[PDB]
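Accompanying notes for the structure given below.
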2 protein chains.
Amino acid sequence: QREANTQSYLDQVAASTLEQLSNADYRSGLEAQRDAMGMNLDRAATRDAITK
Amino acid sequence: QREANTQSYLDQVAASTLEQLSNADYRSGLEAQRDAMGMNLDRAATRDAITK
């Protein structure tokens, strides 16, 4: 379940257009979703995702 | 729990603006927060975080 949760989050960032991620209001909410799942994710493989 | 503490610290440094880290007063407190948790962290993958 933890693995599935991690991939479910990562898909959202993977399926966003560059213009959206550039705007610093979409990414605020997008990374607030990962700050509310607590440690039910893999917080070491979902940190430098957006930028990457 | 130790792993959780490590990730929780690393997130703070990873979610800071470059201008904030450049100013040598924010990073003082930021790296003082890792000198009070003692050996309850991973002090090997935690020292050269601000510079990276």
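Naming scheme: A, B, ... for chains in displayed order of the structure tokens; residues 1 onward per chain; ligands 1 onward as shown.
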Kindly provide the residues of chain B that approach chain A to within 8 Å, each paired with its closest atom pair and their distance in Å to one decimal, based on only C-alpha atoms, listed by chain and increasing number, as CSV.
residue,atom,partner,partner_atom,distance
B:4,CA,A:39,CA,7.3
B:7,CA,A:43,CA,6.7
B:11,CA,A:47,CA,7.6
B:14,CA,A:47,CA,7.6
Write a file of the selected residues as a PDB file, in the first residue's frame, keeping N, CA and C atoms.
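Once written, selection24.pdb looks like this:
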ATOM      1  N   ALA B   4      12.518   8.338  10.131  1.00  0.00           N
ATOM      2  CA  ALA B   4      11.535   9.410  10.030  1.00  0.00           C
ATOM      3  C   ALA B   4      12.126  10.741  10.466  1.00  0.00           C
ATOM      4  N   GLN B   7      14.429  12.069   7.623  1.00  0.00           N
ATOM      5  CA  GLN B   7      13.694  12.628   6.493  1.00  0.00           C
ATOM      6  C   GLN B   7      13.012  13.936   6.871  1.00  0.00           C
ATOM      7  N   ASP B  11      13.674  17.498   4.835  1.00  0.00           N
ATOM      8  CA  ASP B  11      12.639  18.230   4.111  1.00  0.00           C
ATOM      9  C   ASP B  11      12.750  19.732   4.346  1.00  0.00           C
ATOM     10  N   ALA B  14      15.386  21.086   2.250  1.00  0.00           N
ATOM     11  CA  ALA B  14      15.048  20.946   0.840  1.00  0.00           C
ATOM     12  C   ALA B  14      13.959  21.911   0.398  1.00  0.00           C
TER      13      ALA B  14
END
As number ranges by chain, please: every residue in chain B that DSSP puts in alpha helix (DSSP H). B: 2-14, 18-22, 26-32
Store the residues picked out above in a file with C-alpha atoms, as a PDB file, in the first residue's frame.
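As a result, out.pdb now contains:
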ATOM      1  CA  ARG B   2      15.221   7.332  13.348  1.00  0.00           C
ATOM      2  CA  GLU B   3      14.617   7.223   9.599  1.00  0.00           C
ATOM      3  CA  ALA B   4      11.535   9.410  10.030  1.00  0.00           C
ATOM      4  CA  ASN B   5      13.523  11.980  12.005  1.00  0.00           C
ATOM      5  CA  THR B   6      16.195  12.088   9.304  1.00  0.00           C
ATOM      6  CA  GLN B   7      13.694  12.628   6.493  1.00  0.00           C
ATOM      7  CA  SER B   8      11.769  15.220   8.498  1.00  0.00           C
ATOM      8  CA  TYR B   9      14.917  17.281   8.948  1.00  0.00           C
ATOM      9  CA  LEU B  10      15.995  16.913   5.327  1.00  0.00           C
ATOM     10  CA  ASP B  11      12.639  18.230   4.111  1.00  0.00           C
ATOM     11  CA  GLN B  12      13.124  21.572   5.880  1.00  0.00           C
ATOM     12  CA  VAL B  13      16.428  22.240   4.137  1.00  0.00           C
ATOM     13  CA  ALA B  14      15.048  20.946   0.840  1.00  0.00           C
ATOM     14  CA  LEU B  18      18.259  29.946  -2.205  1.00  0.00           C
ATOM     15  CA  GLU B  19      18.212  33.507  -0.890  1.00  0.00           C
ATOM     16  CA  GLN B  20      17.294  32.211   2.566  1.00  0.00           C
ATOM     17  CA  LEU B  21      20.156  29.710   2.653  1.00  0.00           C
ATOM     18  CA  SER B  22      22.622  32.326   1.422  1.00  0.00           C
ATOM     19  CA  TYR B  26      18.666  31.382   8.760  1.00  0.00           C
ATOM     20  CA  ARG B  27      21.106  28.518   8.225  1.00  0.00           C
ATOM     21  CA  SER B  28      22.517  29.031  11.721  1.00  0.00           C
ATOM     22  CA  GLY B  29      19.182  28.114  13.287  1.00  0.00           C
ATOM     23  CA  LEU B  30      18.500  25.498  10.625  1.00  0.00           C
ATOM     24  CA  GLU B  31      21.721  23.646  11.467  1.00  0.00           C
ATOM     25  CA  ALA B  32      21.215  24.248  15.182  1.00  0.00           C
TER      26      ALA B  32
END
As a check of understanding: the span from CA of residue 24 in chain B to CA of residue 45 in chain A is 28.8 Å
